[PDB]
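The structure appears below as structure tokens.
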Amino acid sequence: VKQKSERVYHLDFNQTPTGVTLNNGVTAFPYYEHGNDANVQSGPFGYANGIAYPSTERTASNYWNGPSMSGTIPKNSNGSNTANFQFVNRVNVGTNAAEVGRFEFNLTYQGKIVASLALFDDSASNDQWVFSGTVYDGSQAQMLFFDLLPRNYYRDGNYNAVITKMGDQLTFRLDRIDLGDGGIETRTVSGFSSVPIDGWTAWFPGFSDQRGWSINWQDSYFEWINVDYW
Ligand SMILES: [Mg+2]
Ligand SMILES: [Mg+2]
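For the sequence shown, the entry's author numbering assigns the number 10 to the initial residue and increments by one for each residue that follows.
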């Protein structure tokens, strides 16, 4: 037995993405616990210079709304969808006290969240951003961590948002491409090595008529890793 990595898809945004669906994926933000109305996936992405720019409008509402992109994930060549993987999304993100924004990078199975990596700045009076990781969906969701990122260290700029699975260990990272190191949270989740995945969604909402943060998405890929072969 030997092993290799198997890339399922790669979006570089040099051209309009193919093999994806717009505004029809799965979101994780538990609006029903926050006094908000249902999350909305709407609007376009603009592409320039190998970068996707999600578009939102300042429209007064009680919900998060922005564009999403989704795709399907087949089993690896060894016939497993419960195996190890890495899901990597490069972003450039910046904020300011008056700005509000959120992104989710989600892995799903049969229409439900399995893992959700979020970054958000949810107040128009503070420039604090928060990195969170959630496992499971809806009433079963468990927010594994809520990390208030110190702004002196987590400056505006380039990051790799990563979800990795290594058996029962689920890791979320926010790698600081510009300055080194970054955010890292790993949890050993009971039975997670038996839980499959079959899809992904990336969602980039703003809230109501609040001014948006600066966000762009430069690369996306998912790979099955440590895939047995003979
Ligand atoms: Mg690119
Ligand atoms: Mg703010």
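Yeah, the Cβ is synthetic: ideal placement off N, Cα and C, and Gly gets one too.
- The residue from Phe94, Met152, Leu126, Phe216 with its alpha-carbon nearest to that of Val100 is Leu126.
- By the neighbour-count criterion, in which 16 or more other beta carbons inside 10 Å mark a residue as buried, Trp233 falls on the buried side.
- Taking 8 Å as the upper bound for CB-CB distance, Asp136 and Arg160 are in contact here, some 6 Å apart.
- If you ignore the 5 residues before and after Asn23, its C-beta comes within less than 7 Å of the C-beta of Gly59, all in its own chain and listed in chain order.
- Around the C-beta of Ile206, 16 or more other C-beta atoms lie within 10 Å, and the residue is accordingly described as buried.
- Annotation for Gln95: the continuous beta strand (DSSP E) segment containing it runs 94-103.
- By the C-beta density criterion, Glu108 is buried, having at least 16 other C-beta atoms within 10 angstroms.
- Boundaries cannot be given for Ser217, as no beta strand (DSSP E) includes it and DSSP labels it neither H nor E.
- Relative to ligand 1, the beta carbon of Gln24 is positioned no closer than 7 Å to any heavy atom.
- With contacts defined by Cβ atoms closer than 8 Å, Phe181 and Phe96 do not form a contacting pair.
- Closest in alpha carbon position to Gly192, among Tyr168, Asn105, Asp177, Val204, is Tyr168.
- Between the beta-carbon of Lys121 and that of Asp146 there is about 4 Å, and that keeps the pair under the 8 Å contact cut.
- Three or more Cβ pairs closer than 8 Å define a contact, and the region 81-89 falls short of that threshold against the region 37-57.
- Residues with their Cβ less than 6 Å from any non-hydrogen atom of ligand 2, running along the chain, are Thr104, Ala106, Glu108, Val109, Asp130, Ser132, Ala133, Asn135, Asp136.
- Straight-line measurement puts the Cα of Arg185 at about 9 Å from the Cα of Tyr162.
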